[PDB]
file model_12.csv (CSV, C-alpha atoms)
chain,number,residue,atom,x,y,z
V,1,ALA,CA,139.4,105.0,95.2
V,2,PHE,CA,139.3,105.5,99.0
V,3,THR,CA,136.9,103.1,100.8
V,4,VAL,CA,136.6,102.2,104.5
V,5,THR,CA,136.3,98.5,105.1
V,6,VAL,CA,134.3,97.2,108.1
V,7,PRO,CA,135.1,93.7,109.4
V,8,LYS,CA,131.5,93.2,110.5
V,9,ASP,CA,128.5,95.4,110.4
V,10,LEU,CA,126.8,93.8,113.5
V,11,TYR,CA,128.6,93.6,116.8
V,12,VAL,CA,126.7,91.6,119.5
V,13,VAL,CA,128.5,92.6,122.8
V,14,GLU,CA,127.9,91.1,126.2
V,15,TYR,CA,127.1,93.4,129.1
V,16,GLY,CA,130.0,94.4,131.3
V,17,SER,CA,132.7,93.5,128.7
V,18,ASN,CA,134.9,95.7,126.5
V,19,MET,CA,133.9,96.5,122.9
V,20,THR,CA,136.5,96.8,120.1
V,21,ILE,CA,134.9,97.9,116.8
V,22,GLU,CA,137.1,98.3,113.8
V,23,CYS,CA,137.2,100.4,110.7
V,24,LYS,CA,140.0,99.7,108.1
V,25,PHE,CA,141.5,102.2,105.6
V,26,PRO,CA,144.2,101.6,103.0
V,27,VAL,CA,147.8,102.4,104.1
V,28,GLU,CA,150.5,102.4,101.4
V,29,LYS,CA,154.1,101.9,102.5
V,30,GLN,CA,153.8,104.1,105.7
V,31,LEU,CA,151.3,106.0,107.9
V,32,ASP,CA,151.3,109.7,107.1
V,33,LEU,CA,150.2,110.6,110.6
V,34,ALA,CA,149.9,114.4,109.8
V,35,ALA,CA,147.4,113.7,107.0
V,36,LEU,CA,145.3,111.1,109.0
V,37,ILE,CA,142.0,112.1,110.5
V,38,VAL,CA,139.9,109.6,112.4
V,39,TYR,CA,136.4,110.5,113.8
V,40,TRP,CA,134.0,108.3,115.8
V,41,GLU,CA,130.5,109.2,116.8
V,42,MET,CA,127.4,107.5,118.1
V,43,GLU,CA,124.0,109.2,117.9
V,44,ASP,CA,125.5,112.7,117.6
V,45,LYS,CA,128.0,112.1,120.4
V,46,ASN,CA,131.7,112.9,119.9
V,47,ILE,CA,133.6,109.7,120.8
V,48,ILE,CA,137.0,110.2,119.0
V,49,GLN,CA,138.3,113.2,117.2
V,50,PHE,CA,141.9,112.3,116.1
V,51,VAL,CA,143.6,115.1,114.0
V,52,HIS,CA,147.3,115.5,113.3
V,53,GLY,CA,148.2,112.5,115.5
V,54,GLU,CA,146.6,114.2,118.5
V,55,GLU,CA,143.3,113.3,120.1
V,56,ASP,CA,140.9,116.1,121.0
V,57,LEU,CA,139.8,115.3,124.6
V,58,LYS,CA,138.1,118.7,125.2
V,59,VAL,CA,135.4,118.0,122.6
V,60,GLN,CA,134.7,114.5,123.8
V,61,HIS,CA,131.3,113.9,125.4
V,62,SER,CA,131.1,113.6,129.2
V,63,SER,CA,129.7,110.0,129.0
V,64,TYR,CA,132.8,109.0,127.1
V,65,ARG,CA,135.2,110.7,129.4
V,66,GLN,CA,137.5,107.7,130.2
V,67,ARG,CA,135.7,104.8,128.4
V,68,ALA,CA,136.8,105.3,124.8
V,69,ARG,CA,140.2,104.8,123.4
V,70,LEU,CA,141.8,104.7,119.9
V,71,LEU,CA,144.3,101.9,119.6
V,72,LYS,CA,147.1,103.8,118.0
V,73,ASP,CA,149.3,100.8,117.6
V,74,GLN,CA,146.8,99.5,115.1
V,75,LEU,CA,146.7,102.8,113.1
V,76,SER,CA,149.9,101.9,111.3
V,77,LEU,CA,148.2,98.6,110.2
V,78,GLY,CA,145.5,100.5,108.4
V,79,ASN,CA,142.9,99.7,111.1
V,80,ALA,CA,141.4,102.4,113.3
V,81,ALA,CA,140.0,100.4,116.3
V,82,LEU,CA,137.7,101.9,118.8
V,83,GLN,CA,137.7,100.4,122.3
V,84,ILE,CA,135.0,101.1,124.9
V,85,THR,CA,135.2,99.8,128.5
V,86,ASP,CA,132.4,98.6,130.7
V,87,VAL,CA,129.8,98.2,128.0
V,88,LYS,CA,126.3,99.3,129.2
V,89,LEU,CA,122.8,99.1,127.7
V,90,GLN,CA,123.0,102.8,126.4
V,91,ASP,CA,125.9,101.9,124.1
V,92,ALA,CA,123.7,100.0,121.7
V,93,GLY,CA,123.2,101.9,118.4
V,94,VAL,CA,124.8,103.0,115.2
V,95,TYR,CA,128.5,104.1,115.3
V,96,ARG,CA,130.0,106.2,112.5
V,97,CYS,CA,133.7,106.1,111.6
V,98,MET,CA,135.0,108.7,109.2
V,99,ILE,CA,138.5,108.3,108.0
V,100,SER,CA,140.5,110.9,105.9
V,101,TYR,CA,143.8,109.5,104.8
V,102,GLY,CA,144.3,111.0,101.3
V,103,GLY,CA,140.8,110.2,100.4
V,104,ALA,CA,137.9,110.2,102.8
V,105,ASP,CA,134.9,107.9,103.6
V,106,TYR,CA,132.6,107.1,106.4
V,107,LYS,CA,130.9,103.9,107.5
V,108,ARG,CA,128.2,102.7,109.9
V,109,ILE,CA,128.4,99.9,112.4
V,110,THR,CA,125.4,98.6,114.4
V,111,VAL,CA,126.1,97.5,118.0
V,112,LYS,CA,123.7,95.3,120.0
V,113,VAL,CA,124.3,94.9,123.7
V,114,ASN,CA,123.5,91.5,125.3
V,115,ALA,CA,122.7,91.3,129.0
V,116,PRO,CA,122.3,87.6,129.8
V,117,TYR,CA,121.6,86.2,133.3
V,118,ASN,CA,125.1,84.9,133.6
V,119,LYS,CA,126.0,85.9,137.2
V,120,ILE,CA,123.8,83.8,139.5
V,121,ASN,CA,124.1,84.4,143.3
V,122,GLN,CA,122.7,81.7,145.6
V,123,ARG,CA,122.0,81.2,149.3
V,124,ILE,CA,120.6,78.4,151.4
V,125,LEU,CA,119.3,79.3,154.8
V,126,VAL,CA,117.5,77.0,157.3
V,127,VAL,CA,114.1,78.2,158.4
V,128,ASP,CA,113.0,75.3,160.6
V,129,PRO,CA,115.6,72.6,161.3
V,130,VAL,CA,112.9,70.5,162.9
V,131,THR,CA,110.9,70.0,159.7
V,132,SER,CA,114.0,70.7,157.6
V,133,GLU,CA,112.3,73.7,156.1
V,134,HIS,CA,114.9,75.4,153.9
V,135,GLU,CA,114.6,78.5,151.7
V,136,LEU,CA,116.6,78.5,148.5
V,137,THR,CA,117.2,81.8,146.9
V,138,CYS,CA,118.6,82.6,143.5
V,139,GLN,CA,119.3,86.2,142.2
V,140,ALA,CA,120.5,87.3,138.8
V,141,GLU,CA,120.7,90.5,136.9
V,142,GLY,CA,119.9,91.0,133.3
V,143,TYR,CA,117.8,93.2,131.0
V,144,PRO,CA,115.1,91.2,129.2
V,145,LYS,CA,112.5,90.2,131.7
V,146,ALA,CA,113.2,86.7,133.0
V,147,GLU,CA,111.6,84.0,135.1
V,148,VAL,CA,113.2,81.3,137.3
V,149,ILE,CA,112.4,77.5,136.8
V,150,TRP,CA,113.3,75.5,140.0
V,151,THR,CA,114.1,71.9,139.3
V,152,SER,CA,115.5,69.1,141.6
V,153,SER,CA,117.3,65.8,140.9
V,154,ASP,CA,114.8,63.7,142.8
V,155,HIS,CA,111.5,65.8,143.2
V,156,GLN,CA,112.1,67.0,139.6
V,157,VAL,CA,110.1,70.2,139.0
V,158,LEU,CA,109.0,72.1,142.1
V,159,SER,CA,107.6,75.7,142.4
V,160,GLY,CA,109.0,79.1,143.5
V,161,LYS,CA,108.2,82.8,143.7
V,162,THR,CA,109.9,85.1,141.1
V,163,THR,CA,110.0,88.9,141.3
V,164,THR,CA,111.0,91.8,139.0
V,165,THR,CA,112.8,94.8,140.4
V,166,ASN,CA,115.1,97.7,139.3
V,167,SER,CA,118.8,97.4,139.7
V,168,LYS,CA,120.8,99.2,142.4
V,169,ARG,CA,124.3,98.8,140.9
V,170,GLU,CA,123.7,99.5,137.2
V,171,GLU,CA,121.1,100.6,134.6
V,172,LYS,CA,117.4,99.8,134.3
V,173,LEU,CA,118.1,96.1,133.8
V,174,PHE,CA,116.2,94.0,136.2
V,175,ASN,CA,117.4,92.1,139.3
V,176,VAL,CA,115.3,88.9,139.4
V,177,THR,CA,115.0,87.2,142.7
V,178,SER,CA,113.3,83.8,143.2
V,179,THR,CA,112.8,81.9,146.5
V,180,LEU,CA,111.8,78.3,146.9
V,181,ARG,CA,110.5,77.4,150.4
V,182,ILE,CA,110.4,73.7,150.8
V,183,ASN,CA,111.4,71.0,153.2
V,184,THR,CA,114.5,69.2,151.9
V,185,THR,CA,117.2,66.7,153.0
V,186,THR,CA,120.9,66.7,153.3
V,187,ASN,CA,122.9,66.7,150.0
V,188,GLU,CA,119.7,66.9,148.0
V,189,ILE,CA,120.6,68.7,144.8
V,190,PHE,CA,118.5,71.6,143.5
V,191,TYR,CA,118.8,73.7,140.4
V,192,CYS,CA,117.6,77.2,139.6
V,193,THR,CA,117.3,78.1,135.9
V,194,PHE,CA,117.0,81.6,134.5
V,195,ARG,CA,115.0,81.8,131.3
V,196,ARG,CA,114.2,85.3,129.9
V,197,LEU,CA,111.2,86.3,127.8
V,198,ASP,CA,113.5,86.7,124.8
V,199,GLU,CA,115.5,84.3,122.7
V,200,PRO,CA,118.9,83.7,124.5
V,201,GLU,CA,119.7,80.3,125.9
V,202,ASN,CA,119.1,79.6,129.6
V,203,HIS,CA,121.5,79.6,132.5
V,204,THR,CA,121.4,77.3,135.5
V,205,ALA,CA,122.9,77.3,139.0
V,206,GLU,CA,123.3,74.4,141.4
V,207,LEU,CA,122.4,74.4,145.1
V,208,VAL,CA,123.5,71.7,147.5
V,209,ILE,CA,122.0,71.5,151.0
V,210,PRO,CA,124.8,71.6,153.7
C,1,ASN,CA,145.7,126.1,121.0
C,2,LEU,CA,141.9,126.6,120.8
C,3,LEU,CA,141.9,127.6,117.1
C,4,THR,CA,143.5,124.2,116.1
C,5,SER,CA,140.6,122.4,117.8
C,6,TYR,CA,138.2,124.6,115.8
C,7,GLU,CA,140.1,123.8,112.6
C,8,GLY,CA,139.9,120.1,113.2
C,9,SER,CA,136.2,120.1,114.1
C,10,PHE,CA,135.3,122.2,111.0
C,11,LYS,CA,137.3,120.0,108.6
C,12,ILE,CA,135.7,116.8,110.0
C,13,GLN,CA,132.2,118.2,109.8
C,14,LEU,CA,132.7,119.5,106.3
C,15,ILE,CA,133.9,116.2,104.9
C,16,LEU,CA,131.2,114.2,106.8
C,17,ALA,CA,128.4,116.4,105.4
C,18,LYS,CA,129.6,116.1,101.8
C,19,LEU,CA,129.9,112.3,102.2
C,20,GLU,CA,126.4,112.1,103.7
C,21,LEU,CA,125.0,114.0,100.7
C,22,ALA,CA,126.8,111.7,98.4
C,23,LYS,CA,125.5,108.5,100.1
C,24,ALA,CA,122.0,109.7,100.6
C,25,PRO,CA,120.6,108.5,97.2
C,26,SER,CA,122.0,105.0,97.8
C,27,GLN,CA,120.1,104.7,101.0
C,28,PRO,CA,116.5,103.7,101.9
C,29,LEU,CA,113.9,106.5,101.5
C,30,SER,CA,112.7,106.0,105.1
C,31,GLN,CA,116.3,105.9,106.4
C,32,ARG,CA,117.3,108.9,104.3
C,33,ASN,CA,114.5,111.3,105.3
C,34,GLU,CA,116.2,111.9,108.7
C,35,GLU,CA,119.7,112.0,107.3
C,36,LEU,CA,118.7,115.0,105.3
C,37,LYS,CA,117.9,116.8,108.6
C,38,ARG,CA,121.2,115.7,110.1
C,39,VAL,CA,123.0,117.4,107.2
C,40,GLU,CA,121.1,120.6,108.2
C,41,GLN,CA,122.5,120.2,111.7
C,42,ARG,CA,126.0,119.9,110.3
C,43,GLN,CA,125.3,122.8,108.0
C,44,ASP,CA,124.4,125.1,110.9
C,45,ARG,CA,127.3,123.8,112.9
C,46,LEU,CA,129.8,124.9,110.2
C,47,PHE,CA,128.4,128.4,110.2
C,48,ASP,CA,128.8,128.6,114.0
C,49,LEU,CA,132.3,127.3,113.7
C,50,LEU,CA,133.3,130.1,111.2
C,51,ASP,CA,131.6,132.8,113.2
C,52,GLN,CA,133.4,131.6,116.4
C,53,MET,CA,136.8,131.2,114.7
C,54,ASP,CA,136.4,134.9,113.9
C,55,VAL,CA,136.5,135.7,117.6
C,56,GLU,CA,139.4,133.5,118.3
C,57,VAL,CA,141.4,134.8,115.3
C,58,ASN,CA,141.7,138.4,116.8
C,59,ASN,CA,142.0,137.1,120.3
C,60,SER,CA,144.9,134.8,119.4
C,61,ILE,CA,148.5,135.8,118.7
C,62,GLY,CA,149.6,137.5,115.4
C,63,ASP,CA,149.2,140.8,113.6
C,64,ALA,CA,147.1,142.3,110.8
C,65,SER,CA,149.3,140.5,108.3
C,66,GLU,CA,147.9,137.3,109.9
C,67,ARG,CA,144.4,138.8,110.5
C,68,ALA,CA,143.7,139.5,106.8
C,69,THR,CA,145.4,136.2,105.7
C,70,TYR,CA,143.3,134.0,108.0
C,71,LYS,CA,140.0,135.9,107.3
C,72,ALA,CA,140.6,135.5,103.6
C,73,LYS,CA,140.9,131.7,104.2
C,74,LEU,CA,137.7,131.9,106.2
C,75,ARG,CA,135.9,133.7,103.3
C,76,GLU,CA,137.0,131.0,100.9
C,77,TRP,CA,135.7,128.3,103.3
C,78,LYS,CA,132.4,130.2,103.8
C,79,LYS,CA,131.8,130.0,100.1
C,80,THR,CA,132.9,126.4,100.2
C,81,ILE,CA,130.1,125.6,102.7
C,82,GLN,CA,127.4,127.4,100.6
C,83,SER,CA,128.6,125.8,97.3
C,84,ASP,CA,129.2,122.2,98.5
C,85,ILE,CA,126.6,121.8,101.3
C,86,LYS,CA,123.6,124.1,101.4
C,87,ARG,CA,122.9,124.4,97.6
C,88,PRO,CA,123.2,120.6,97.0
C,89,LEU,CA,121.0,120.0,100.1
C,90,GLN,CA,118.1,122.0,98.7
C,91,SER,CA,118.4,120.0,95.4
C,92,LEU,CA,117.8,116.8,97.4
C,93,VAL,CA,114.9,118.0,99.6
C,94,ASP,CA,113.0,118.9,96.4
C,95,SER,CA,113.2,115.3,95.1
C,96,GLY,CA,110.4,113.2,96.5
call {"tool": "encode", "arguments": {"input": "model_12.csv", "output": "structure tokens"}}
result
Amino acid sequence: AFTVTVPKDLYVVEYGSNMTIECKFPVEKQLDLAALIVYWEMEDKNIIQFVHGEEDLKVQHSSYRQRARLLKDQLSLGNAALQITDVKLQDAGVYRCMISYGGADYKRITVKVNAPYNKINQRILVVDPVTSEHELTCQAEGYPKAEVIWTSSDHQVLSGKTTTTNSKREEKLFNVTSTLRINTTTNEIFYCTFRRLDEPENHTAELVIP
Amino acid sequence: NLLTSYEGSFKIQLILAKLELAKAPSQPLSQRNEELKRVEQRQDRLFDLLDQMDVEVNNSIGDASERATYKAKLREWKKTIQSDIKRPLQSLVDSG
């Protein structure tokens, strides 16, 4: 019988990366490209309509204008692979692949998009050189609401202000900015640690006073 | 050609709807109650595809020798939709 094999039902994809979800179908001897039909859709959105060896770009949804691709080199290997570039939060959901090569079958794949606070921007500005009052600032972008834990090598745990805002570059994910205003010394090492409300493991940046 | 885009879309929707009716009973009751409505969307889409293909058939190249030939294919496909999709769909909404 004709069955479509899915290498993994759950894909956890990091934000900003490329996603390559696979659906495999049996190929015997060779690929009859004329009789092969591949269809990919997410939440009633036409992603890929591949008929007679030719993609149908006119039916493709606007949001998937030049993000989706069908790796045709893998089609001969009995593996229809869907590639999406610049994965965003709206891409999470159930994807449906229907393959008609002789027989026909469809399968579902659940995609979860991870948006960790990986990219950490830092700055150290001097406020009052007399009292060595420095302001340390750490900014990261991610979706699950997060807080910043400021730690030092010597003073150990200190205290800082953390704020939640909407992003300006990308989707509704939040741009968390925390500032620590303390009097420090030269080459005193400070750390800012991003810990969200959810499960993912924390990420820490290092600040060295100039 | 536009009609080829219609042929591809119609064939894909037809196969997908039949498979969704086949896989509905092997699916959670909660998860399936919306899939039965999704099939209704696919069912309405197939009728719109045939009705629009009728416009493009005459507006595209060919003659009456082609006109009658293609519309006979469309009549067979129309009965295919009612026999394989709509009728089995109502035999699933009754259960439960």
call {"tool": "interface_residues", "arguments": {"input": "model_12.csv", "of": "chain V", "to": "chain C", "cutoff": "9 Å", "atoms": "only C-alpha atoms", "output": "JSON list (two decimals) with C-alpha atoms, in the coordinates of the input"}}
result
[["chain", "number", "residue", "atom", "x", "y", "z"],
["V", 37, "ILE", "CA", 142.00, 112.10, 110.50],
["V", 38, "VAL", "CA", 139.90, 109.60, 112.40],
["V", 39, "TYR", "CA", 136.40, 110.50, 113.80],
["V", 49, "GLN", "CA", 138.30, 113.20, 117.20],
["V", 50, "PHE", "CA", 141.90, 112.30, 116.10],
["V", 51, "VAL", "CA", 143.60, 115.10, 114.00],
["V", 52, "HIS", "CA", 147.30, 115.50, 113.30],
["V", 56, "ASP", "CA", 140.90, 116.10, 121.00],
["V", 58, "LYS", "CA", 138.10, 118.70, 125.20],
["V", 59, "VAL", "CA", 135.40, 118.00, 122.60],
["V", 98, "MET", "CA", 135.00, 108.70, 109.20],
["V", 100, "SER", "CA", 140.50, 110.90, 105.90],
["V", 104, "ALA", "CA", 137.90, 110.20, 102.80],
["V", 105, "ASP", "CA", 134.90, 107.90, 103.60],
["V", 106, "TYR", "CA", 132.60, 107.10, 106.40]]
call {"tool": "residues_around", "arguments": {"input": "model_12.csv", "residues": "residue C:71", "least_positions_apart": "4", "cutoff": "8 Å", "atoms": "only C-alpha atoms", "output": "JSON list (two decimals) with C-alpha atoms, keeping the file's coordinate frame"}}
result
[["chain", "number", "residue", "atom", "x", "y", "z"],
["C", 54, "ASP", "CA", 136.40, 134.90, 113.90],
["C", 67, "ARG", "CA", 144.40, 138.80, 110.50],
["C", 75, "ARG", "CA", 135.90, 133.70, 103.30]]
call {"tool": "residues_near_point", "arguments": {"input": "model_12.csv", "point": "(137.6, 133.6, 114.3)", "cutoff": "12 Å", "atoms": "all atoms listed in the file", "output": "number ranges by chain"}}
result
C: 2-4, 6-7, 47-61, 66-75
call {"tool": "atom_distance", "arguments": {"input": "model_12.csv", "atom1": "atom CA of residue V:166", "atom2": "atom CA of residue V:86"}}
result
19.3 Å
call {"tool": "closest_residue", "arguments": {"input": "model_12.csv", "among": "V:157, V:115, V:136, V:125", "to": "residue V:175", "atoms": "all atoms listed in the file"}}
result
V:115
call {"tool": "atom_distance", "arguments": {"input": "model_12.csv", "atom1": "atom CA of residue V:99", "atom2": "atom CA of residue C:22"}}
result
15.5 Å
call {"tool": "residues_around", "arguments": {"input": "model_12.csv", "residues": "residue V:10", "least_positions_apart": "2", "cutoff": "9 Å", "atoms": "all atoms listed in the file", "output": "MDAnalysis selection string"}}
result
chainID V and resid 8 12 109:112
call {"tool": "atom_distance", "arguments": {"input": "model_12.csv", "atom1": "atom CA of residue V:134", "atom2": "atom CA of residue V:186"}}
result
10.6 Å
call {"tool": "residues_near_point", "arguments": {"input": "model_12.csv", "point": "(142.7, 107.4, 117.7)", "cutoff": "10 Å", "atoms": "all atoms listed in the file", "output": "list in words"}}
result
residues 36, 37, 38, 39, 40, 47, 48, 49, 50, 51, 53, 54, 55, 56, 68, 69, 70, 71, 72, 73, 74, 75, 80, 81, 82 and 83 of chain V
call {"tool": "closest_residue", "arguments": {"input": "model_12.csv", "among": "V:46, V:152, V:79, V:202", "to": "residue V:23", "atoms": "all atoms listed in the file"}}
result
V:79
call {"tool": "residues_around", "arguments": {"input": "model_12.csv", "residues": "residue C:24", "least_positions_apart": "6", "cutoff": "12 Å", "atoms": "only C-alpha atoms", "output": "ChimeraX atom specification"}}
result
/C:16-18,30-39,88-89,92-93,95
call {"tool": "write_last_selection", "arguments": {"input": "model_12.csv", "atoms": "C-alpha atoms", "output": "short mmCIF file (atom, residue, chain, number, x, y, z; two decimals), keeping the file's coordinate frame"}}
result
data_model
loop_
_atom_site.label_atom_id
_atom_site.label_comp_id
_atom_site.auth_asym_id
_atom_site.auth_seq_id
_atom_site.Cartn_x
_atom_site.Cartn_y
_atom_site.Cartn_z
CA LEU C 16 131.20 114.20 106.80
CA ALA C 17 128.40 116.40 105.40
CA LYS C 18 129.60 116.10 101.80
CA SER C 30 112.70 106.00 105.10
CA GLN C 31 116.30 105.90 106.40
CA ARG C 32 117.30 108.90 104.30
CA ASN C 33 114.50 111.30 105.30
CA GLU C 34 116.20 111.90 108.70
CA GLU C 35 119.70 112.00 107.30
CA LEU C 36 118.70 115.00 105.30
CA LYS C 37 117.90 116.80 108.60
CA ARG C 38 121.20 115.70 110.10
CA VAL C 39 123.00 117.40 107.20
CA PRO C 88 123.20 120.60 97.00
CA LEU C 89 121.00 120.00 100.10
CA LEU C 92 117.80 116.80 97.40
CA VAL C 93 114.90 118.00 99.60
CA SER C 95 113.20 115.30 95.10
#
call {"tool": "residues_around", "arguments": {"input": "model_12.csv", "residues": "residue C:43", "least_positions_apart": "6", "cutoff": "8 Å", "atoms": "only C-alpha atoms", "output": "PyMOL selection string"}}
result
chain C and resi 17+81+85-86
call {"tool": "build_atoms", "arguments": {"input": "model_12.csv", "residues": "stretch 72-94 of chain C", "atoms": "N, CA and C atoms", "output": "compact mmCIF listing (two decimals), in the coordinates of the input"}}
result
# COMPACT_ATOMS: atom_id res chain seq x y z
N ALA C 72 140.76 135.83 104.99
CA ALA C 72 140.60 135.50 103.60
C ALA C 72 140.42 133.96 103.45
N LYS C 73 141.16 133.18 104.24
CA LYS C 73 140.90 131.70 104.20
C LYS C 73 139.51 131.41 104.65
N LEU C 74 139.01 132.14 105.66
CA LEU C 74 137.70 131.90 106.20
C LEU C 74 136.60 132.28 105.13
N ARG C 75 136.82 133.35 104.36
CA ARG C 75 135.90 133.70 103.30
C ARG C 75 135.81 132.61 102.23
N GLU C 76 136.97 132.08 101.83
CA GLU C 76 137.00 131.00 100.90
C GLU C 76 136.22 129.76 101.43
N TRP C 77 136.45 129.45 102.71
CA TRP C 77 135.70 128.30 103.30
C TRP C 77 134.24 128.58 103.44
N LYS C 78 133.84 129.82 103.71
CA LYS C 78 132.40 130.20 103.80
C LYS C 78 131.72 129.90 102.45
N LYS C 79 132.34 130.34 101.36
CA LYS C 79 131.80 130.00 100.10
C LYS C 79 131.82 128.54 99.77
N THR C 80 132.82 127.83 100.31
CA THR C 80 132.90 126.40 100.20
C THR C 80 131.66 125.72 100.81
N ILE C 81 131.27 126.19 102.00
CA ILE C 81 130.10 125.60 102.70
C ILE C 81 128.84 125.88 101.82
N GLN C 82 128.64 127.12 101.36
CA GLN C 82 127.40 127.40 100.60
C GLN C 82 127.40 126.65 99.25
N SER C 83 128.56 126.40 98.64
CA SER C 83 128.60 125.80 97.30
C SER C 83 128.47 124.26 97.41
N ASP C 84 129.13 123.65 98.40
CA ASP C 84 129.20 122.20 98.50
C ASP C 84 128.16 121.59 99.43
N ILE C 85 127.50 122.38 100.27
CA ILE C 85 126.60 121.80 101.30
C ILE C 85 125.15 122.28 101.09
N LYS C 86 124.92 123.57 101.32
CA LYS C 86 123.60 124.10 101.40
C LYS C 86 122.83 123.98 100.05
N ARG C 87 123.49 124.43 98.97
CA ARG C 87 122.90 124.40 97.60
C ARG C 87 122.61 122.96 97.22
N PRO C 88 123.55 122.01 97.32
CA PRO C 88 123.20 120.60 97.00
C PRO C 88 122.12 120.04 97.89
N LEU C 89 122.05 120.49 99.15
CA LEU C 89 121.00 120.00 100.10
C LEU C 89 119.63 120.34 99.59
N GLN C 90 119.44 121.58 99.16
CA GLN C 90 118.10 122.00 98.70
C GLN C 90 117.75 121.26 97.36
N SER C 91 118.73 120.74 96.62
CA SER C 91 118.40 120.00 95.40
C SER C 91 118.04 118.55 95.71
N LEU C 92 118.18 118.13 96.97
CA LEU C 92 117.80 116.80 97.40
C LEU C 92 116.43 116.87 98.16
N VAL C 93 116.16 117.96 98.88
CA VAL C 93 114.90 118.00 99.60
C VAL C 93 113.73 118.16 98.55
N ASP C 94 114.01 118.75 97.38
CA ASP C 94 113.00 118.90 96.40
C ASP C 94 112.54 117.56 95.80
